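Data block for structure.cif (mmCIF, N, CA and C atoms):
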```cif
data_start
#
loop_
_atom_site.label_atom_id
_atom_site.label_comp_id
_atom_site.auth_asym_id
_atom_site.auth_seq_id
_atom_site.Cartn_x
_atom_site.Cartn_y
_atom_site.Cartn_z
N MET A 1 160.15 -77.73 -117.07
CA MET A 1 160.84 -77.88 -118.38
C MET A 1 159.80 -77.98 -119.50
N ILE A 2 159.02 -79.03 -119.51
CA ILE A 2 157.99 -79.18 -120.58
C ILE A 2 156.84 -80.06 -120.07
N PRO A 3 155.99 -79.47 -119.27
CA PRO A 3 154.84 -80.17 -118.68
C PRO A 3 153.70 -80.28 -119.71
N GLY A 4 153.55 -81.43 -120.31
CA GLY A 4 152.46 -81.61 -121.32
C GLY A 4 151.25 -82.25 -120.64
N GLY A 5 150.15 -82.33 -121.34
CA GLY A 5 148.93 -82.94 -120.73
C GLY A 5 148.18 -81.88 -119.94
N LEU A 6 146.88 -81.84 -120.08
CA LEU A 6 146.07 -80.83 -119.36
C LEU A 6 146.60 -80.58 -117.95
N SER A 7 147.19 -79.44 -117.77
CA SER A 7 147.75 -79.07 -116.43
C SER A 7 146.81 -78.09 -115.72
N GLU A 8 147.17 -77.65 -114.54
CA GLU A 8 146.32 -76.69 -113.80
C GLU A 8 145.99 -75.50 -114.71
N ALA A 9 145.28 -74.52 -114.21
CA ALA A 9 144.94 -73.35 -115.07
C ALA A 9 145.98 -72.25 -114.91
N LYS A 10 146.76 -72.01 -115.91
CA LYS A 10 147.69 -70.88 -115.81
C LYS A 10 146.81 -69.66 -116.03
N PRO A 11 147.00 -68.63 -115.28
CA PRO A 11 146.14 -67.46 -115.41
C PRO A 11 146.34 -66.85 -116.79
N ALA A 12 145.27 -66.55 -117.49
CA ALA A 12 145.41 -66.01 -118.87
C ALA A 12 146.53 -64.98 -118.95
N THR A 13 146.88 -64.65 -120.16
CA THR A 13 147.94 -63.66 -120.43
C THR A 13 147.53 -62.95 -121.71
N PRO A 14 148.40 -62.20 -122.32
CA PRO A 14 148.05 -61.53 -123.57
C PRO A 14 148.00 -62.57 -124.69
N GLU A 15 148.64 -63.69 -124.48
CA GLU A 15 148.60 -64.76 -125.51
C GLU A 15 147.32 -65.55 -125.35
N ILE A 16 146.92 -65.81 -124.14
CA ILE A 16 145.65 -66.54 -123.92
C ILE A 16 144.53 -65.68 -124.49
N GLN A 17 144.47 -64.47 -124.04
CA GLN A 17 143.43 -63.53 -124.55
C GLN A 17 143.62 -63.37 -126.06
N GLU A 18 144.78 -63.69 -126.58
CA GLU A 18 144.98 -63.56 -128.05
C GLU A 18 144.27 -64.72 -128.76
N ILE A 19 144.41 -65.91 -128.23
CA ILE A 19 143.73 -67.11 -128.82
C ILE A 19 142.24 -66.82 -128.89
N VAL A 20 141.69 -66.43 -127.79
CA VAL A 20 140.26 -66.13 -127.72
C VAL A 20 139.96 -64.90 -128.55
N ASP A 21 140.83 -63.95 -128.47
CA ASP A 21 140.64 -62.69 -129.24
C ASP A 21 140.86 -63.02 -130.71
N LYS A 22 141.36 -64.19 -130.97
CA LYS A 22 141.59 -64.61 -132.38
C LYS A 22 140.45 -65.52 -132.81
N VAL A 23 139.73 -66.05 -131.87
CA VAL A 23 138.60 -66.96 -132.21
C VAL A 23 137.26 -66.35 -131.76
N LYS A 24 137.28 -65.17 -131.19
CA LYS A 24 136.02 -64.52 -130.75
C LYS A 24 135.06 -64.38 -131.96
N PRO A 25 135.59 -64.03 -133.12
CA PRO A 25 134.76 -63.90 -134.33
C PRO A 25 134.47 -65.31 -134.86
N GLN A 26 135.43 -66.19 -134.73
CA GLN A 26 135.20 -67.59 -135.16
C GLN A 26 134.14 -68.19 -134.24
N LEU A 27 133.89 -67.54 -133.13
CA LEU A 27 132.88 -68.05 -132.16
C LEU A 27 131.51 -67.46 -132.51
N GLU A 28 131.49 -66.25 -132.99
CA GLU A 28 130.19 -65.60 -133.34
C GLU A 28 129.41 -66.47 -134.32
N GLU A 29 130.00 -66.82 -135.43
CA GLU A 29 129.27 -67.64 -136.44
C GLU A 29 129.47 -69.14 -136.19
N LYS A 30 130.34 -69.51 -135.29
CA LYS A 30 130.54 -70.96 -135.03
C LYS A 30 129.61 -71.42 -133.91
N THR A 31 128.75 -70.55 -133.45
CA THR A 31 127.81 -70.94 -132.37
C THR A 31 126.39 -70.53 -132.75
N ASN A 32 126.19 -69.25 -133.02
CA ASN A 32 124.85 -68.70 -133.43
C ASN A 32 124.55 -67.41 -132.65
N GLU A 33 125.56 -66.76 -132.11
CA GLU A 33 125.31 -65.51 -131.35
C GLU A 33 126.53 -64.59 -131.48
N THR A 34 126.50 -63.46 -130.83
CA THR A 34 127.65 -62.53 -130.91
C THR A 34 128.27 -62.34 -129.53
N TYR A 35 129.51 -62.71 -129.37
CA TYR A 35 130.17 -62.55 -128.05
C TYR A 35 130.85 -61.18 -128.00
N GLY A 36 131.47 -60.85 -126.90
CA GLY A 36 132.16 -59.53 -126.79
C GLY A 36 133.58 -59.73 -126.27
N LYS A 37 134.25 -58.67 -125.89
CA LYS A 37 135.64 -58.80 -125.36
C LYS A 37 135.75 -60.06 -124.52
N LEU A 38 136.70 -60.90 -124.80
CA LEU A 38 136.83 -62.14 -124.01
C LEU A 38 137.98 -61.97 -123.02
N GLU A 39 137.71 -61.29 -121.93
CA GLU A 39 138.77 -61.04 -120.90
C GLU A 39 139.27 -62.37 -120.33
N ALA A 40 140.21 -62.98 -120.99
CA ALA A 40 140.74 -64.28 -120.49
C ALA A 40 140.95 -64.20 -118.98
N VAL A 41 140.74 -65.30 -118.34
CA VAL A 41 140.89 -65.37 -116.87
C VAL A 41 141.88 -66.47 -116.56
N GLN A 42 141.72 -67.58 -117.22
CA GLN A 42 142.66 -68.71 -116.99
C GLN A 42 142.73 -69.53 -118.27
N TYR A 43 143.65 -70.44 -118.36
CA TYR A 43 143.73 -71.23 -119.59
C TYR A 43 144.55 -72.49 -119.38
N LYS A 44 144.04 -73.57 -119.84
CA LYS A 44 144.78 -74.86 -119.71
C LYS A 44 145.50 -75.16 -121.03
N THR A 45 146.79 -75.39 -120.97
CA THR A 45 147.55 -75.69 -122.22
C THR A 45 148.15 -77.09 -122.13
N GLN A 46 148.23 -77.78 -123.22
CA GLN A 46 148.81 -79.15 -123.21
C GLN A 46 149.57 -79.36 -124.52
N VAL A 47 150.20 -80.49 -124.69
CA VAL A 47 150.98 -80.70 -125.95
C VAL A 47 150.51 -81.96 -126.70
N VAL A 48 150.80 -82.01 -127.97
CA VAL A 48 150.41 -83.18 -128.81
C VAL A 48 151.09 -83.02 -130.18
N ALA A 49 150.36 -82.61 -131.18
CA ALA A 49 150.97 -82.38 -132.51
C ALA A 49 151.18 -80.87 -132.64
N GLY A 50 151.37 -80.25 -131.51
CA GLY A 50 151.55 -78.78 -131.45
C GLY A 50 151.18 -78.36 -130.03
N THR A 51 150.10 -77.68 -129.88
CA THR A 51 149.66 -77.30 -128.50
C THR A 51 148.22 -76.82 -128.50
N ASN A 52 147.34 -77.60 -127.94
CA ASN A 52 145.94 -77.20 -127.87
C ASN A 52 145.82 -76.04 -126.89
N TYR A 53 144.64 -75.58 -126.64
CA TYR A 53 144.49 -74.47 -125.66
C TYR A 53 143.15 -74.60 -124.97
N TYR A 54 143.10 -74.11 -123.78
CA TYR A 54 141.85 -74.12 -122.99
C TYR A 54 141.81 -72.77 -122.33
N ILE A 55 140.73 -72.06 -122.36
CA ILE A 55 140.79 -70.71 -121.77
C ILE A 55 139.45 -70.28 -121.22
N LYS A 56 139.36 -70.09 -119.93
CA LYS A 56 138.10 -69.59 -119.37
C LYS A 56 138.14 -68.09 -119.60
N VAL A 57 137.42 -67.60 -120.57
CA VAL A 57 137.49 -66.15 -120.89
C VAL A 57 136.19 -65.45 -120.50
N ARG A 58 136.28 -64.28 -119.93
CA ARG A 58 135.05 -63.54 -119.58
C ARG A 58 134.38 -63.13 -120.88
N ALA A 59 133.13 -63.46 -121.02
CA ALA A 59 132.39 -63.12 -122.27
C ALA A 59 131.83 -61.71 -122.14
N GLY A 60 132.64 -60.82 -121.69
CA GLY A 60 132.20 -59.41 -121.52
C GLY A 60 131.37 -59.29 -120.24
N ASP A 61 130.08 -59.40 -120.34
CA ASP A 61 129.22 -59.28 -119.14
C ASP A 61 129.66 -60.31 -118.09
N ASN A 62 128.84 -60.58 -117.12
CA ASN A 62 129.22 -61.58 -116.08
C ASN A 62 129.24 -62.98 -116.69
N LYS A 63 128.74 -63.13 -117.89
CA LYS A 63 128.75 -64.47 -118.53
C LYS A 63 130.19 -64.84 -118.89
N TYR A 64 130.46 -66.11 -119.08
CA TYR A 64 131.84 -66.52 -119.44
C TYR A 64 131.80 -67.42 -120.67
N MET A 65 132.93 -67.82 -121.17
CA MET A 65 132.94 -68.70 -122.36
C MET A 65 134.24 -69.50 -122.41
N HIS A 66 134.15 -70.78 -122.24
CA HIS A 66 135.37 -71.62 -122.28
C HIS A 66 135.89 -71.65 -123.72
N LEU A 67 137.17 -71.82 -123.90
CA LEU A 67 137.72 -71.80 -125.28
C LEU A 67 138.67 -72.98 -125.50
N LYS A 68 138.64 -73.54 -126.67
CA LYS A 68 139.54 -74.67 -126.98
C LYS A 68 140.20 -74.40 -128.34
N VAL A 69 141.44 -73.98 -128.36
CA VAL A 69 142.11 -73.68 -129.66
C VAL A 69 143.19 -74.73 -129.93
N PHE A 70 143.63 -74.87 -131.15
CA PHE A 70 144.72 -75.85 -131.42
C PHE A 70 145.88 -75.11 -132.09
N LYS A 71 147.09 -75.37 -131.67
CA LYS A 71 148.26 -74.68 -132.29
C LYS A 71 148.85 -75.59 -133.34
N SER A 72 148.92 -75.12 -134.54
CA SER A 72 149.49 -75.96 -135.62
C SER A 72 150.93 -75.53 -135.94
N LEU A 73 151.75 -75.34 -134.94
CA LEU A 73 153.16 -74.96 -135.19
C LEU A 73 153.23 -73.75 -136.12
N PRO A 74 154.39 -73.15 -136.20
CA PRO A 74 154.63 -71.98 -137.05
C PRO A 74 154.75 -72.40 -138.52
N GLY A 75 153.86 -71.95 -139.36
CA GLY A 75 153.92 -72.33 -140.80
C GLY A 75 153.26 -71.25 -141.65
N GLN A 76 153.38 -70.01 -141.25
CA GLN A 76 152.75 -68.91 -142.03
C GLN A 76 151.28 -69.24 -142.31
N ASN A 77 150.76 -68.78 -143.42
CA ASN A 77 149.34 -69.06 -143.76
C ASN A 77 148.47 -68.97 -142.51
N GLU A 78 147.37 -69.67 -142.50
CA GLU A 78 146.47 -69.63 -141.31
C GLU A 78 147.24 -70.08 -140.07
N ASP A 79 146.76 -69.73 -138.90
CA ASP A 79 147.47 -70.14 -137.65
C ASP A 79 146.45 -70.41 -136.54
N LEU A 80 146.75 -71.34 -135.68
CA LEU A 80 145.82 -71.67 -134.56
C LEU A 80 144.42 -71.89 -135.07
N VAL A 81 143.60 -72.37 -134.20
CA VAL A 81 142.21 -72.67 -134.59
C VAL A 81 141.29 -72.67 -133.37
N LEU A 82 140.01 -72.58 -133.59
CA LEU A 82 139.05 -72.63 -132.49
C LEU A 82 138.53 -74.06 -132.45
N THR A 83 139.25 -74.93 -131.80
CA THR A 83 138.84 -76.37 -131.77
C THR A 83 137.58 -76.57 -130.93
N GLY A 84 137.17 -75.58 -130.19
CA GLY A 84 135.93 -75.77 -129.38
C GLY A 84 135.70 -74.57 -128.46
N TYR A 85 134.82 -74.73 -127.51
CA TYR A 85 134.50 -73.63 -126.58
C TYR A 85 133.24 -74.01 -125.79
N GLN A 86 133.23 -73.80 -124.51
CA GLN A 86 131.99 -74.12 -123.75
C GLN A 86 131.22 -72.81 -123.63
N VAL A 87 130.28 -72.59 -124.49
CA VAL A 87 129.56 -71.32 -124.44
C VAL A 87 128.71 -71.25 -123.17
N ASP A 88 128.40 -70.07 -122.76
CA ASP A 88 127.57 -69.89 -121.54
C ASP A 88 128.17 -70.67 -120.36
N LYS A 89 129.44 -71.01 -120.41
CA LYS A 89 130.04 -71.76 -119.26
C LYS A 89 130.44 -70.74 -118.19
N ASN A 90 130.06 -70.98 -116.96
CA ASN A 90 130.38 -70.00 -115.88
C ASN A 90 131.77 -70.24 -115.29
N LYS A 91 132.16 -69.41 -114.35
CA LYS A 91 133.50 -69.54 -113.71
C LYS A 91 133.62 -70.89 -113.00
N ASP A 92 132.66 -71.23 -112.19
CA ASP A 92 132.72 -72.54 -111.47
C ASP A 92 133.18 -73.62 -112.44
N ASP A 93 132.94 -73.44 -113.71
CA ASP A 93 133.37 -74.46 -114.70
C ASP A 93 134.89 -74.48 -114.82
N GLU A 94 135.54 -75.33 -114.08
CA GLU A 94 137.01 -75.41 -114.23
C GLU A 94 137.26 -76.00 -115.61
N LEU A 95 138.25 -75.56 -116.33
CA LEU A 95 138.43 -76.12 -117.69
C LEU A 95 138.76 -77.60 -117.61
N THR A 96 139.50 -78.04 -116.62
CA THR A 96 139.78 -79.51 -116.56
C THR A 96 140.26 -79.88 -117.96
N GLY A 97 140.04 -81.08 -118.43
CA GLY A 97 140.42 -81.39 -119.85
C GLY A 97 139.84 -80.24 -120.66
N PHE A 98 138.72 -80.41 -121.28
CA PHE A 98 138.13 -79.22 -121.94
C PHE A 98 137.03 -78.67 -121.03
#
```
Translate the structure described by the file into structure tokens.
Amino acid sequence: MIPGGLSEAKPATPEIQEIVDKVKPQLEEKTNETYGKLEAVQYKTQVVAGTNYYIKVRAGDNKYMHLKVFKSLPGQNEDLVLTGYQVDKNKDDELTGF
């Protein structure tokens, strides 16, 4: 029905890859490097004042990049955010909380 709180990793989808595909550029200048297609692989979602996001996304090459976005409900203007990301994080890195 409505499982809130960091749950297991739901396998990414077009929406998961959208969060990352929406913060991939926010990641380029928010870290100090340039990432590439973020082929989402899995993503942890939870609830609070909207819905945060966790996403183990393939950073193009064999490298990976964890992602942490926040959902600020539907309100036009800007939407979602890149609340964090574990750069250079490999697959073994389960998202767990973040």
Run the PyMOL selection byres ((chain A and resi 8) around 6.5) against the file shown and list the residues it catches, as a short mmCIF file (atom, residue, chain, number, x, y, z; two decimals) with N, CA and C atoms, in the frame of the given file.
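Written output follows (part11.cif):
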```
data_model
loop_
_atom_site.label_atom_id
_atom_site.label_comp_id
_atom_site.auth_asym_id
_atom_site.auth_seq_id
_atom_site.Cartn_x
_atom_site.Cartn_y
_atom_site.Cartn_z
N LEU A 6 146.88 -81.84 -120.08
CA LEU A 6 146.07 -80.83 -119.36
C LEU A 6 146.60 -80.58 -117.95
N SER A 7 147.19 -79.44 -117.77
CA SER A 7 147.75 -79.07 -116.43
C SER A 7 146.81 -78.09 -115.72
N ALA A 9 145.28 -74.52 -114.21
CA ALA A 9 144.94 -73.35 -115.07
C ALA A 9 145.98 -72.25 -114.91
N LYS A 10 146.76 -72.01 -115.91
CA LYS A 10 147.69 -70.88 -115.81
C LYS A 10 146.81 -69.66 -116.03
N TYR A 43 143.65 -70.44 -118.36
CA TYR A 43 143.73 -71.23 -119.59
C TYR A 43 144.55 -72.49 -119.38
N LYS A 44 144.04 -73.57 -119.84
CA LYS A 44 144.78 -74.86 -119.71
C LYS A 44 145.50 -75.16 -121.03
N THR A 45 146.79 -75.39 -120.97
CA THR A 45 147.55 -75.69 -122.22
C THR A 45 148.15 -77.09 -122.13
#
```
Restricting the calculation to all atoms listed in the file, which member of A:26, A:18, A:32, A:68 is positioned closest to residue 53 (chain A)?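 Among A:26, A:18, A:32, A:68, it is A:68 that comes nearest to residue 53 (chain A).
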When you look at residue 67 (chain A) with a cut-off of 8 Å (counting all atoms listed in the file), what residues show up, excluding the ones that are within fewer than 3 positions of it in the same chain? I need them as number ranges by chain. A: 19-20, 43-44, 52-57, 64, 70, 82-87, 95, 98
If I take CA of residue 89 (chain A) and CA of residue 22 (chain A), how far is one from the other in Å, to one decimal?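 It comes out at 18.9 Å.
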Run the PyMOL selection byres ((chain A and resi 4) around 5) on the file and write out the hits as an mmCIF file with N, CA and C atoms, keeping the file's coordinate frame.
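Written out: out_29.cif:
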```cif
data_model
loop_
_atom_site.group_PDB
_atom_site.id
_atom_site.type_symbol
_atom_site.label_atom_id
_atom_site.label_comp_id
_atom_site.auth_asym_id
_atom_site.auth_seq_id
_atom_site.Cartn_x
_atom_site.Cartn_y
_atom_site.Cartn_z
ATOM 1 N N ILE A 2 159.020 -79.030 -119.510
ATOM 2 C CA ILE A 2 157.990 -79.180 -120.580
ATOM 3 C C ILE A 2 156.840 -80.060 -120.070
ATOM 4 N N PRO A 3 155.990 -79.470 -119.270
ATOM 5 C CA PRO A 3 154.840 -80.170 -118.680
ATOM 6 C C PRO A 3 153.700 -80.280 -119.710
ATOM 7 N N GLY A 5 150.150 -82.330 -121.340
ATOM 8 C CA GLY A 5 148.930 -82.940 -120.730
ATOM 9 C C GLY A 5 148.180 -81.880 -119.940
ATOM 10 N N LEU A 6 146.880 -81.840 -120.080
ATOM 11 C CA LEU A 6 146.070 -80.830 -119.360
ATOM 12 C C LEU A 6 146.600 -80.580 -117.950
ATOM 13 N N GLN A 46 148.230 -77.780 -123.220
ATOM 14 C CA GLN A 46 148.810 -79.150 -123.210
ATOM 15 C C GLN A 46 149.570 -79.360 -124.520
ATOM 16 N N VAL A 47 150.200 -80.490 -124.690
ATOM 17 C CA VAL A 47 150.980 -80.700 -125.950
ATOM 18 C C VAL A 47 150.510 -81.960 -126.700
#
```
For the PyMOL selection byres ((chain A and resi 73) around 6.5), applied here, can you spell out every residue it catches as a ChimeraX atom specification? /A:49-51,71-72,74-76,80
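Ranking A:91, A:34, A:40, A:63 by their shortest atom-to-atom distance to residue 21 (chain A), with only N, CA and C atoms included, puts A:40 first.
Between residue 11 (chain A) and the residues A:41, A:81, A:69, A:23, the shortest atom-to-atom distance, using only N, CA and C atoms, involves A:41.
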Using DSSP on the backbone coordinates, identify all residues within region 6-75 of chain A classified as alpha helix (DSSP H); present the result as a ChimeraX atom specification. /A:16-27
To test your reading of the structure, identify every residue in region 9-60 of chain A that backbone DSSP assigns to strand (DSSP E or B), and report it as a ChimeraX atom specification. /A:10-11,38-45,51-59
Between CA of residue 25 (chain A) and CA of residue 96 (chain A), what distance in Å does the model show, to one decimal? 24.2 Å
Using only C-alpha atoms, which of the listed residues (A:77, A:12, A:59, A:36) sits closest to residue 90 (chain A)? A:59
Kindly give the distance, in Å, that separates CA of residue 15 (chain A) and CA of residue 48 (chain A), rounded to a single decimal.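 These two atoms are separated by 18.8 Å.
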Might I get the box with edges along x, y and z of the file that holds all atoms of region 60-71 of chain A listed there, padded by 8 Å on every side, given as centre and edge lengths in Å to one decimal, as AutoDock Vina command-line options?
```
--center_x 138.8 --center_y -67.6 --center_z -124.7 --size_x 36.1 --size_y 32.6 --size_z 33.3
```
Can you patch up region 73-94 of chain A, filling it in to N, CA, C and O atoms, and show the result as a PDB file, keeping the file's coordinate frame?
```
ATOM      1  N   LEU A  73     151.750 -75.340-134.940  1.00  0.00           N
ATOM      2  CA  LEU A  73     153.160 -74.960-135.190  1.00  0.00           C
ATOM      3  C   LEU A  73     153.230 -73.750-136.120  1.00  0.00           C
ATOM      4  O   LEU A  73     152.253 -73.382-136.745  1.00  0.00           O
ATOM      5  N   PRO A  74     154.390 -73.150-136.200  1.00  0.00           N
ATOM      6  CA  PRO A  74     154.630 -71.980-137.050  1.00  0.00           C
ATOM      7  C   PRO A  74     154.750 -72.400-138.520  1.00  0.00           C
ATOM      8  O   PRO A  74     155.653 -73.129-138.890  1.00  0.00           O
ATOM      9  N   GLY A  75     153.860 -71.950-139.360  1.00  0.00           N
ATOM     10  CA  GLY A  75     153.920 -72.330-140.800  1.00  0.00           C
ATOM     11  C   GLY A  75     153.260 -71.250-141.650  1.00  0.00           C
ATOM     12  O   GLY A  75     152.654 -71.523-142.664  1.00  0.00           O
ATOM     13  N   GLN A  76     153.380 -70.010-141.250  1.00  0.00           N
ATOM     14  CA  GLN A  76     152.750 -68.910-142.030  1.00  0.00           C
ATOM     15  C   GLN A  76     151.280 -69.240-142.310  1.00  0.00           C
ATOM     16  O   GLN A  76     150.633 -69.904-141.531  1.00  0.00           O
ATOM     17  N   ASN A  77     150.760 -68.780-143.420  1.00  0.00           N
ATOM     18  CA  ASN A  77     149.340 -69.060-143.760  1.00  0.00           C
ATOM     19  C   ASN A  77     148.470 -68.970-142.510  1.00  0.00           C
ATOM     20  O   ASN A  77     148.785 -68.270-141.566  1.00  0.00           O
ATOM     21  N   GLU A  78     147.370 -69.670-142.500  1.00  0.00           N
ATOM     22  CA  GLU A  78     146.470 -69.630-141.310  1.00  0.00           C
ATOM     23  C   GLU A  78     147.240 -70.080-140.070  1.00  0.00           C
ATOM     24  O   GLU A  78     148.252 -70.740-140.161  1.00  0.00           O
ATOM     25  N   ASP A  79     146.760 -69.730-138.900  1.00  0.00           N
ATOM     26  CA  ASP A  79     147.470 -70.140-137.650  1.00  0.00           C
ATOM     27  C   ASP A  79     146.450 -70.410-136.540  1.00  0.00           C
ATOM     28  O   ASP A  79     145.418 -69.781-136.467  1.00  0.00           O
ATOM     29  N   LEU A  80     146.750 -71.340-135.680  1.00  0.00           N
ATOM     30  CA  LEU A  80     145.820 -71.670-134.560  1.00  0.00           C
ATOM     31  C   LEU A  80     144.420 -71.890-135.070  1.00  0.00           C
ATOM     32  O   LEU A  80     144.104 -71.668-136.219  1.00  0.00           O
ATOM     33  N   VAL A  81     143.600 -72.370-134.200  1.00  0.00           N
ATOM     34  CA  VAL A  81     142.210 -72.670-134.590  1.00  0.00           C
ATOM     35  C   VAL A  81     141.290 -72.670-133.370  1.00  0.00           C
ATOM     36  O   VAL A  81     141.739 -72.784-132.252  1.00  0.00           O
ATOM     37  N   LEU A  82     140.010 -72.580-133.590  1.00  0.00           N
ATOM     38  CA  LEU A  82     139.050 -72.630-132.490  1.00  0.00           C
ATOM     39  C   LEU A  82     138.530 -74.060-132.450  1.00  0.00           C
ATOM     40  O   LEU A  82     137.521 -74.396-133.035  1.00  0.00           O
ATOM     41  N   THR A  83     139.250 -74.930-131.800  1.00  0.00           N
ATOM     42  CA  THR A  83     138.840 -76.370-131.770  1.00  0.00           C
ATOM     43  C   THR A  83     137.580 -76.570-130.930  1.00  0.00           C
ATOM     44  O   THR A  83     136.972 -77.616-130.971  1.00  0.00           O
ATOM     45  N   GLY A  84     137.170 -75.580-130.190  1.00  0.00           N
ATOM     46  CA  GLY A  84     135.930 -75.770-129.380  1.00  0.00           C
ATOM     47  C   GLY A  84     135.700 -74.570-128.460  1.00  0.00           C
ATOM     48  O   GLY A  84     136.287 -73.519-128.619  1.00  0.00           O
ATOM     49  N   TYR A  85     134.820 -74.730-127.510  1.00  0.00           N
ATOM     50  CA  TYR A  85     134.500 -73.630-126.580  1.00  0.00           C
ATOM     51  C   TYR A  85     133.240 -74.010-125.790  1.00  0.00           C
ATOM     52  O   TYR A  85     132.272 -74.459-126.360  1.00  0.00           O
ATOM     53  N   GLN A  86     133.230 -73.800-124.510  1.00  0.00           N
ATOM     54  CA  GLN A  86     131.990 -74.120-123.750  1.00  0.00           C
ATOM     55  C   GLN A  86     131.220 -72.810-123.630  1.00  0.00           C
ATOM     56  O   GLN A  86     131.505 -71.990-122.791  1.00  0.00           O
ATOM     57  N   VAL A  87     130.280 -72.590-124.490  1.00  0.00           N
ATOM     58  CA  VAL A  87     129.560 -71.320-124.440  1.00  0.00           C
ATOM     59  C   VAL A  87     128.710 -71.250-123.170  1.00  0.00           C
ATOM     60  O   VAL A  87     128.358 -72.254-122.587  1.00  0.00           O
ATOM     61  N   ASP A  88     128.400 -70.070-122.760  1.00  0.00           N
ATOM     62  CA  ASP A  88     127.570 -69.890-121.540  1.00  0.00           C
ATOM     63  C   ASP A  88     128.170 -70.670-120.360  1.00  0.00           C
ATOM     64  O   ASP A  88     127.489 -70.959-119.398  1.00  0.00           O
ATOM     65  N   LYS A  89     129.440 -71.010-120.410  1.00  0.00           N
ATOM     66  CA  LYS A  89     130.040 -71.760-119.260  1.00  0.00           C
ATOM     67  C   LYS A  89     130.440 -70.740-118.190  1.00  0.00           C
ATOM     68  O   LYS A  89     131.040 -69.728-118.478  1.00  0.00           O
ATOM     69  N   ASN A  90     130.060 -70.980-116.960  1.00  0.00           N
ATOM     70  CA  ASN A  90     130.380 -70.000-115.880  1.00  0.00           C
ATOM     71  C   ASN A  90     131.770 -70.240-115.290  1.00  0.00           C
ATOM     72  O   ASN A  90     132.484 -71.146-115.679  1.00  0.00           O
ATOM     73  N   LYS A  91     132.160 -69.410-114.350  1.00  0.00           N
ATOM     74  CA  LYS A  91     133.500 -69.540-113.710  1.00  0.00           C
ATOM     75  C   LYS A  91     133.620 -70.890-113.000  1.00  0.00           C
ATOM     76  O   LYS A  91     134.581 -71.613-113.183  1.00  0.00           O
ATOM     77  N   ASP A  92     132.660 -71.230-112.190  1.00  0.00           N
ATOM     78  CA  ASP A  92     132.720 -72.540-111.470  1.00  0.00           C
ATOM     79  C   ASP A  92     133.180 -73.620-112.440  1.00  0.00           C
ATOM     80  O   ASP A  92     133.754 -74.622-112.043  1.00  0.00           O
ATOM     81  N   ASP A  93     132.940 -73.440-113.710  1.00  0.00           N
ATOM     82  CA  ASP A  93     133.370 -74.460-114.700  1.00  0.00           C
ATOM     83  C   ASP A  93     134.890 -74.480-114.820  1.00  0.00           C
ATOM     84  O   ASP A  93     135.463 -73.762-115.612  1.00  0.00           O
ATOM     85  N   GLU A  94     135.540 -75.330-114.080  1.00  0.00           N
ATOM     86  CA  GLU A  94     137.010 -75.410-114.230  1.00  0.00           C
ATOM     87  C   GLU A  94     137.260 -76.000-115.610  1.00  0.00           C
ATOM     88  O   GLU A  94     136.508 -76.842-116.062  1.00  0.00           O
TER      89      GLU A  94
END
```
